[PDB]
Structures are given as C-alpha cells and as structure tokens.
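Everything below concerns the one structure shown next.
Throughout, read-outs are computed from the coordinates displayed, never taken from laboratory work. Here Cβ is always computed from backbone atoms with ideal geometry, including for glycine, and neighbour counts include all displayed protein chains.
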Amino acid sequence: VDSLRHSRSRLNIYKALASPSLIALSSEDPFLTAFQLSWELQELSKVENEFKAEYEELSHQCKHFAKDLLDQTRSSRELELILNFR
Amino acid sequence: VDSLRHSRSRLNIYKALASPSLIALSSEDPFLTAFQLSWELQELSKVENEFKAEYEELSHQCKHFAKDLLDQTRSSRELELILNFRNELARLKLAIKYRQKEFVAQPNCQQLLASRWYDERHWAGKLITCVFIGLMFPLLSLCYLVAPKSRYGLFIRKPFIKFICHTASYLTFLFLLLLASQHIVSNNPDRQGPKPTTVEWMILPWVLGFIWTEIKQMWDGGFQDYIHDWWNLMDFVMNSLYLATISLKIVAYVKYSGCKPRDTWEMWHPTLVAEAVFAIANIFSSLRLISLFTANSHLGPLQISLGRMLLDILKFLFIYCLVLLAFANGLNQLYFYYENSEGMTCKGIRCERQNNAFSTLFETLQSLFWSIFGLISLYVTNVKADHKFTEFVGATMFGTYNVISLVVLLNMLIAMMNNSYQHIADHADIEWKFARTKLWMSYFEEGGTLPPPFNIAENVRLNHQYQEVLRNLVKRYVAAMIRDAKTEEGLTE
Amino acid sequence: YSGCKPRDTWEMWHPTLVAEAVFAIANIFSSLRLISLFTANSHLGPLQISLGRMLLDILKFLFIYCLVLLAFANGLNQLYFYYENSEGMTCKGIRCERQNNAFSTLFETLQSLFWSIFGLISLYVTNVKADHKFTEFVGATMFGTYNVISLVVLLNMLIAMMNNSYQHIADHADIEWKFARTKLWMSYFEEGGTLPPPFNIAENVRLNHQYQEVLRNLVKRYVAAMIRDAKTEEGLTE
Ligand SMILES: CCCCCC(=O)OC[C@H](COP(=O)(O)O)OC(=O)CCCCC
Ligand SMILES: CCCCCC(=O)OC[C@H](COP(=O)(O)O)OC(=O)CCCCC
Ligand SMILES: O=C1CN(c2cn[nH]c(=O)c2Cl)CCN1CC1CCC(F)(F)CC1
Ligand SMILES: O=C1CN(c2cn[nH]c(=O)c2Cl)CCN1CC1CCC(F)(F)CC1
Ligand SMILES: [Ca+2]
C-alpha cells in the first residue's frame, strides 16, 4: 500500500545492522554475522534494482570490517585457533 | 554603444536569477521556473559563443537543483500528485520535452514507472513466458479488435504485453523478408516484371502499416521534434525506398512482359533497379533491431555509449576524404596517358586480373578507397611500356598515401575515441535511463494498441493540495541542504 | 563396417570420419586447459586472471557485431541470388582456388561476410557473368560499407572499451589472484585424490571457552585501536 515507505524502511534497517560498532556490541560471533550480512545484502542487491549502489557499498564495508577484525592478532596459535573453529 | 558592459550585465542578471535560494523565496512554481531557465540558458549559450562555459554550468546547476528539490518527498501519493499536476503524467511528459535528464533518473520515479509498467521470477521463467506470447499474438489482437471486453481485450492493453506483441510482429516481418529470397518461391528470373509472388504479397500489409504509423507520428510532430531523432530520419528514407519499389515494379509490370533471358537485358531495365532498391531497403529494415536493445539492462548502456561516439568520427572521415581526394587528383595526372583498353575481356580493378586502375578519376577513387583494406594487388602501378621512371614515382605516391592513411591517420582516430570514451562513460546510466523511459512512455497511451500487421472546483482543490505539498517540499529542502550542508565546509584564514 | 576400401571413395557421414573430427575437437579442448595451471605461478597469475575478467566486456559486443552481420548478409543475398551460376564448375564457393559464386545462398553469404574481416576474400567476387554493370556496382557498395562499419568504426570501439575497463579491473588484481591461488591450493590439502588419474583405478566446550577469550581480546583491540584512535585524525569543519 506504500512502496516508497516500505523500500526506504528496508534500506534504513539494513544500513543500521551493518555497522562495525553495533556488530561489536551485540553479537555472538562477529565473523559469522558479518558473512551472513554480506551475502544477504549482495544477493538482495539483485532483486531490487534501483538502490543497487547502496547495497553493494554496504556489502563492501562489511567485507573490510571482517578483514580488519581478523587483522588484530599477535600470536600464531591465536590465528590457528580462529581459523580452525567450527 | 557598449558591447562589453551590455554582455557582462546580461550575464550577471542571468546568474542572479538562477540561484536555488532566490528561486525558493520568490517564485510560484519552482519546477517550471527551473525548466524555463534551464532551456533559455542552454539555447542562449549558442548565440553567444564567448562565455559558453558559464552558461552551460548555470544550466547544469539548475538541473541539479530541480532534481534535489524533487528528491525531498516521503510519500507515494505525494509523488504521484507532483508528477500528475498540469491525461496522466503530464508534468513528466513536460520534463521529457525539456530534455531534463537528471530529474527523470530518480529512483522513486523509476519505481513508479516500473510499477505502472509491469502491472504484474528468473530468466528461464521470463524466457518461456516471453516466447509464449509471440506464438499467440494474432488471435489476441483479434480478440481486442473484435471484442474489446474484459476477457482478452484488457490483456493486450497492458503495456508490457503490447510491447511483446509488437516485437513479435517485427520478428515476423524480418522472417518473411529473409524468406523472400528462396528459389522455392522465386519461380523464374527470366521474365520482365512478373506479377508479385506470394511472399511479395504477404510483405505489403506490413509496409502499409508502417507507413500509416509514420504518418501519424509526423502528423503529431510535423518535422519539428520528429526529424531530430536519427531513427525517424532512417525510417523516412527507409520507407521511401519501399514506395519507389512498388511504383517502379508496377511500371515494369505494365510496360514490359516477356520470357527473355536474364543475361540479355539492357542496363536500367526497371526490374533490375527494382531489385537493387528492394535489397537496400531490406538492409535498412533489418538494421533497426539495435534500437530494441535499449530495453535490456546489460546492453542498453553499451548501445548508448556507442551511440554517442559519432560526432567523434564524422568530424574525422571528412579530413580523411579530403586527403583521399588530393591524392587521387595527383595520381590521375601521372597515368591517364596510359589508358590501355586494347581488347581486354574486362576492365578496372573489379576483375580477376587487375588492370588499368589509374585511368579515370572515378576509377582512381575506387582504387584509393579499396587500398585501405589491402585488397589491391601491387602490380597495378605498372605500364605496358618500359618508362621505368614514372612506374617508380607512381609507386612512391601510392606508398605515401598508404603510410599517411593507415599508420599516421587511423591511429589518431583510435587515440581520439579512446580519450572521448572516458568523457562519456562517466555519464552512462543517467542517460540510458532517460532513453529507456522515453521508450516506455511511447507505450502508455491508448494510441497504437495494435501491431502494424493488424493496423487496418475540478482543479482549484488540486491546486489547494498541490500548494501544500510544494510548501512542505521547499521547507524540507531549505532546512535540510542550504542550511545543514553549509555547516560542513573547511576552514580558511 | 570392415573392409579395405580406399579412403577417397567413402560417402559423407561415414562413422570413422565423424569419429576423427570429434576426436580432434576433443584434443583441442584437452590441450587448451593448460592455462589454468598458471594461476600457481607468480609472474603470470595476475595477468591470466586479468585476461579472465575481460570476457563480459567482449561477449556483450560480439552480439552486436553478429546482429550487424546478419543484417548485411540478408541484404546482399537479395541482390545476387538470381545469378547462381554452377554451370559445370569443378568446385564451388569461396573455399576454392578460384573464388566464385560466393553470394548465392544465405549460408554461403554468411561465410563470405565472416571471412571478409581478415582480408581473405578477393575483390572480384562481386561480379557476374552478364554485363549488368549497375548491380555489380551496388553490390560492391554494400560490401564496402560493411567493411568500413565492421573494421574501422566498430572494432576500434571494442579496443576503446577494453582499454577503459582494464583500469577498472587492474586495480583489484592481486587481491583476487591470491584468492584464486588459495582455492587451487585448498583443492589439494585433503586425502581425497592422492593419486594421479592414470593410477586412479568437553570436546568443544573447552574450545568454545578459549575461543571466546580470543574473541574478546580481538574485539577489545579493534574497538580501542581503530574506531577510537582513528576518529581523532579527521579534518576540521565550521
Ligand atoms: C620508411 C622509408 C623506407 C624506405 C623504403 C624505400 O626506399 O622505398 C620508397 C618508398 C616506396 O617504395 P617504392 O616506391 O617501391 O620504392 O617510399 C615511401 O613509401 C616513403 C614513405 C614516406 C613516409 C612519410
Ligand atoms: C570514404 C568515401 C570514399 C569514396 C570512394 C567511392 O566513391 O567508392 C564508393 C565506395 C565503394 O567503392 P566502389 O563500390 O568500388 O565504388 O563506397 C563506400 O565504401 C562508401 C563508404 C561509406 C562509409 C559510411
Ligand atoms: O522502428 C520501427 C520503424 N518501423 C519501420 C517503418 N518502415 N520500414 C521499416 O523497416 C520499419 Cl522497422 C516500424 C517498426 N519499427 C520497430 C518498432 C517496434 C519494434 C521495436 F520495438 F523493436 C522497435 C520500434
Ligand atoms: O583440469 C583438468 C580436467 N581434467 C580433464 C577431464 N577430461 N578431459 C580433459 O582433457 C581433462 Cl584436462 C583432468 C585433468 N585436469 C588438470 C588438473 C590437474 C593438472 C592441472 F593442475 F594442471 C590442472 C587441473
Ligand atoms: Ca519513428
């Protein structure tokens, strides 16, 4: 009954979820909740084809957040534990 | 009495008028007073050709102001009221008329257009559903034209279906055209102007329908706003050929009729020119498929970008033609004394054994043109006698022409288009969307509603609410950009 | 079938012939898969990938060119098909020592138009036994127009397209090459293949316990070190 409002609300919510601060505060596994959001946004940027640029950019920032979160390690065994966990 | 002062005063006044703040304060309809100023400045930048850059920039800022003023809406019905105010979407048609590009490539407006277009998946489903309609369009069009009721009559009336039907009709046209040249339906060549064949009958309705559609369109336009689109020019020149073919074929029908061999016909026999003209018409008719691909999403932008690089090539073929003329005029002088033609079976370059190429001016032009693609063998520049000096100077000129026109001039064409592609590609989608929107709006009315084969107070209250909408938009804009974005600029001394 | 019959006197579609042809095409594809081996090198990898990326920038183009080719072939067939000569010639077509009868059939016309790109079609094709020296000119005109369009105006635009796209792609070259190489490596780390094709025929509560500590340390370091420390490095404003 309201296309514009619904679309904009969806975009606002998704931009709210994909912010490094909020992820770091309230989340269990940062790495997963980053991957999931990246994939969901990337695929969703196809069914909606007017706000494509925003969704692509959001996926990209999720990618870079995940990388930088990985980077902050200072121990080999730390890294191996992170990469092995299932 | 004072050119400098007058020109500068004009420029100052026009820059004063085209400022978002002043427009927002003292104006009745922001949207109009933006369009009008944009058009006036754009056209005025042509008669005055010293301050061109300023006028172009001013037109651009007017365009962007109009777009941003549109953007500040937060209600679907708000948007529809804005676009409808003046039988439907009149203001958007006005924007299309005023070449206002950025205003139309707005995501909200695009969603509105898409929703009114599809009117209710994946590529396999879309493929099967798409191909399905073509295998049944004729009876569907029949159902509309005989029983315009809500059983099948509305189904065609939906735009997307109308577009599918017209595409299917055009594909049928090309199929019949391509089938025209089959020896199964080409009973015999040796006949002066025989009666039209079966395929020659089935073509005629499509020609008539296309002619009528172009007549309607030119009646609407009248050589104004109609000729500008190069596709319409192509349609005109492409229709004229078919008309001439019909007339001349009738002439041949009534003058000559016999079973005389094809070989022993004199030049300018009407049937021959009829066939040639028909073939050229076939080429132009088939070549108009490219215009169908603006409706795709992967090819559209690319097609437009190829479209833009033609003033970057036509301004070049001219120089090349000039060089070609100079060199042909040269090489004719050296040779024309050696016109051999001593009982040869053929003559010219268009023969198995090339001979006598550099004899006439026309022949020399032909040789020079074909030399580009390396289809001219070298032993042309040779004479029956042994004057082994002119044979060398001729070869020297020929080589110089080849160097100039294939290593020094063409590479510069490449290095020109290459640089222009970055100037253009930056503005690709903003323009592709405008083209696609024009294509769509061509269908939204009850005007054509038929494939060419089967072609033969009231507003005081509106003003009352519209003004409130305008007040809200201008308030939001003034508060949200010209104030809020000012407090984001870098410091200074 | 089994006999000692001469190779020359075999009818078309003899099974051995199509067998040889299919085997040869299979040989081409089999040999062509070496390029995929070079992602494991360091000097060629990135280059191979970058060539890999420019295929949606060419396939979206061969389509347009094919459309133009179809239009022009459909044109040139109309003009000529009345002159199908075939009066006892030893061969026929363009694939012969003396080219003849090129613009007769639709398929033949398509062949001629395709080969014309590389300049392997001699000019005297557009000529007929009779002396109708008007159609012989219009045919040459169409042929020349096709050559101009498809070799001076359309191909250069392919060049100027890929050229611009290379800078869009090359910026992201190693970040992608490394991913491809890593996938190639991970294809081998398991005890799955372990043989060349010729010779082919509580437990986790403690882990969660330590993993959570690692996560806490990482997130603490990140929050302190970037979203705080890098905020105090931005330029001034009004
Ligand atoms: C690149 C020069 C090589 C010299 C070869 C040579 O001596 O032959 C003369 C050539 C032509 O070759 P011939 O006529 O066969 O002698 O003249 C040029 O094309 C000059 C190009 C002029 C370009 C501006
Ligand atoms: C560059 C024009 C030189 C003129 C040469 C000439 O008169 O010959 C006609 C040429 C073809 O040469 P002939 O058929 O041999 O006459 O027509 C074109 O190719 C036009 C290209 C059309 C390009 C859009
Ligand atoms: O463009 C013309 C011009 N016409 C003429 C007129 N005279 N001669 C012609 O060869 C042609 Cl094509 C009528 C047919 N279309 C195609 C339209 C419907 C199908 C499409 F959406 F793909 C592109 C627009
Ligand atoms: O890629 C194929 C697919 N195969 C088939 C299957 N069927 N037909 C074929 O021609 C081929 Cl090559 C099996 C062989 N490899 C090569 C692999 C090992 C060697 C390499 F690391 F270089 C690249 C990967
Ligand atoms: Ca038209």
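With the radius of gyration and the Kirkwood radius both derived from the Cα set of the range C:142-187, what is their ratio Rg to Rh?
1.38
Per 5 Å bin, what is the whole-percent P(r) computed from every C-alpha pair distance within the range B:11-166?
1, 7, 13, 15, 13, 10, 10, 9, 7, 7, 5, 3, 0
Mind listing the Cα extents of the range C:1-76 along all three principal axes, in Å, largest one first?
Cα extents, longest axis first: 54, 46, 14 Å.
Residue by residue through B:288-295, how many Cβ atoms from other chains fall within 10 Å of the Cβ on average? Please report the intermediate quantities before stating the final value.
Numbers: counts 1, 5, 4, 0, 1, 3, 0, 0.
Across the residues of B:288-295, the mean count of other-chain Cβ atoms within 10 Å is 2.
In the range B:296-338, what is the volume of the convex hull around the alpha carbon atoms, normalised per residue and reported in Å³?
So the per-residue hull volume is 72 Å³.
List the residues whose amide H sits under 5 Å from the amide H of residue C:93, counting only those 5 or more places along or on another chain, with H placed 1.01 Å from N in the peptide plane.
Sorted by chain and number, the residues that satisfy this are C:100.
Under a Cβ-Cβ limit of 4.7 Å, which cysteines in chain B have nobody to pair with?
B:62, B:109, B:130, B:143, B:165, B:259, B:321
Suppose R0 equals 51 Å; then what is the FRET efficiency for residue C:172 and residue B:139 from their Cβ-Cβ distance, rounded to the nearest 0.05?
On the way: r = 53 Å, r/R0 = 1.04.
Calculated value: 0.45.
How long is the range B:314-407 along each principal axis, judged by its Cα atoms, biggest number first, in Å?
44, 27, 20
Just tell me which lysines come within less than 17 Å, Cα to Cα, of residue A:67; anything on the same chain fewer than 8 places away is out.
C:178, C:220
In the structure displayed, which of B:93/B:149; B:97/B:486; B:126/C:60; A:15/B:475 lie more than 25 Å apart, Cα to Cα?
B:93/B:149; B:97/B:486; A:15/B:475
Which length gain, in nm to one decimal place, applies between residue B:296 and residue B:255 when the Cα-Cα distance is subtracted from 0.36 nm times their residue separation? Kindly include the intermediate steps, with their values, before the conclusion.
Values: separation 41, 0.36 × 41 = 14.76 nm, distance 4.96 nm.
Extending this stretch completely gives an extra 9.8 nm.
Counting only other chains, and only Cβ atoms inside 10 Å, what mean value do you get across the residues of C:121-128?
Shielding by partners across C:121-128 averages 4.
Taking a ≥ b ≥ c as the square roots of the Cα gyration tensor eigenvalues, with a/c under 1.5 meaning rounded and otherwise prolate when a/b beats b/c, else oblate, which class fits the protein assembly as shown?
Working: a/c = 1.74, a/b = 1.37, b/c = 1.28.
Here the protein assembly as shown falls in the prolate category.
Once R0 is set to 51 Å, what does the formula 1/(1 + (r/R0)^6) return for the Cβ-Cβ distance between residue B:84 and residue B:318, expressed as a FRET efficiency to the nearest 0.05?
The value I calculate is 0.60.
Please report, in whole Å, how far the alpha carbons of the range C:106-213 spread along each principal axis, starting with the longest.
If we take the Cα atoms of the range C:106-213, the spans are 98, 44, 19 Å.
Residue A:60 to residue B:351: FRET efficiency via 1/(1 + (r/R0)^6), r the Cβ-Cβ distance, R0 60 Å, to the nearest 0.05?
The value I calculate is 0.40.
Based solely on its DSSP helices, what 222 nm [θ] is calculated for the protein assembly as shown when runs of n ≥ 4 H residues each add -39,500 (n - 2.57) and the sum is averaged over all residues, nearest 500 deg cm²/dmol?
Mean residue ellipticity at 222 nm (helix-derived): -19500 deg cm²/dmol.
Could you sort B:49-57, B:458-466 so that the peptide with the highest average Cβ count within 10 Å comes first and the rest follow in order?
The most tightly packed comes first, giving B:49-57, B:458-466.
Highest mean first, how do B:101-113, C:186-198 rank when packing is the count of other Cβ atoms within 10 Å averaged over residues?
My ranking of the peptides, most packed first, is B:101-113, C:186-198.
Give me a comma-separated list of calculated 3J(HN,Hα) values for the range C:214-229, in order, Karplus coefficients 6.51, -1.76, 1.60 applied at θ = phi - 60°, integers in Hz, x for any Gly or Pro.
Running phi through 6.51 cos²θ - 1.76 cosθ + 1.60 with θ = phi - 60° gives 4, 4, 4, 4, 4, 5, 4, 4, 5, 4, 5, 9, 10, 6, 9, 5 Hz.
When you look at the Cβ of every residue in A:47-54, what mean number of other chain Cβ atoms sits within 10 Å?
Values: counts 0, 2, 5, 7, 2, 2, 2, 1.
Averaged over the peptide's residues, the number is 3.
For residue B:348, what residues show an amide H to amide H distance below 5 Å, using hydrogens built from the backbone and excluding near sequence neighbours?
B:355
In chain C, which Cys residues have no partner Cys with a Cβ closer than 4.7 Å?
C:4, C:66
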